[PDB]
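So this first bit is one chain, no partners, the form solved without the ligand, shown in structure tokens.
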């Protein structure tokens, strides 16, 4: 049966550690893919970690990072949550240098974007075979979320961008049923920039907190209804959660406009909690180091600076990276609401560290009814490796 996913998101007081894969530590000797962009998504029976590989293993010469990011070797694969991204437990999903995946209650849908920058092809897989495609509509690196898509009542939703990485681009949201695209909508967002959306279901809609790589240090927010009407703006909260960003003191929030006048960014996430918001961010304002999650009172609807909870997940002495959202389905939790979870990618290697390679491992946290103590579930690998 299809997952309804029409329930409200649970209001949570903290996040409990779900999984830690230790992939880089293991890959010092084991056979582990060099990966990037490792997200989690769940079916009615299990949660899986998805990741992009280059067909190269840690401590092998092919892990040499002299390739294009968007190479023809790049594929999407998956394992059970908490398993390292190792060769012998991996499930193939799609050829892809950009991806999203989600389960509709019956089967996995996966979208893998590959091909040339001027004319990329996004292939939709459903149940482990190709079922449809979207070609680039604007001829400039068609790309998508790098996290879980969202399925509601048997229809799956995701967001894609086509255009410049550093100025105005174009943004579309898509809807599919059983791997067949059955609707889309252009997102009108002049002056704004959307990349790498982290989405989740809440009250029968798809809520997304994305990345502005143009001028914004605050995050875009996009809310999509099943008929593909939408609301688009910025996360109202008077604290910024992109990286790089300015000091909190110097920041005034906006519900409507990018604030901060800085380029670049990092994939991140936020969860609406009635009118409040949980927002993730790196502890460092300038680098992808540390990770904390903050609850801001009325932060979804006002430019509030009223922080009511804070939890540290990775200390500021250790590397973080992308982060993203997903939910636990009711068929697993038996709850009356959808439980919010997030993952944090912890990047290791070049250029910040003296290795020839770059990969990442992950920590995954889920929302609970209790406050949880600060700690640091950092990567733990000792670099350099033998191949270096």
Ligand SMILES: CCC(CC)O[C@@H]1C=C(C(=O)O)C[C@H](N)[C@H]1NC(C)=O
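Numbering follows the first chain given and starts at 1.
Just so it is clear, the following notes concern the form deposited with the ligand bound, a form of the same protein that is not shown.
No atom of the ligand, overlaid from where it sits in the bound PDB entry, falls within 2.4 angstroms of a backbone or C-beta atom of the displayed form, which makes the pocket open. Although the partner is absent here, residue 97 is a contact residue: one of its heavy atoms lies within 4.5 angstroms of the ligand in the bound PDB entry. Proximity of residue 36 to the ligand in the bound PDB entry: non-hydrogen atoms within 4.5 Å are present. The ligand is not drawn, but in the bound PDB entry it has no heavy atom within 4.5 Å of residue 93. In the bound PDB entry, the ligand sits beyond 4.5 Å of every heavy atom of residue 51. The candidate spot formed by 141, 264 and 288 is fully in contact with the ligand in the bound PDB entry: every one of the three has a heavy atom within 4.5 Å. Partner contact region in the bound PDB entry: 207 to 215, out of 308 to 316, 85 to 93, 207 to 215, 180 to 188, criterion any non-hydrogen atom within 4.5 Å of the ligand. Only one of the listed residues (294, 239, 165, 283) places a non-hydrogen atom within 4.5 angstroms of the ligand in the bound PDB entry, and that residue is 165. Residues are counted as partner-facing when one of their heavy atoms sits within 4.5 Å of the ligand in the bound PDB entry; in 180 to 195 only 195 qualifies.
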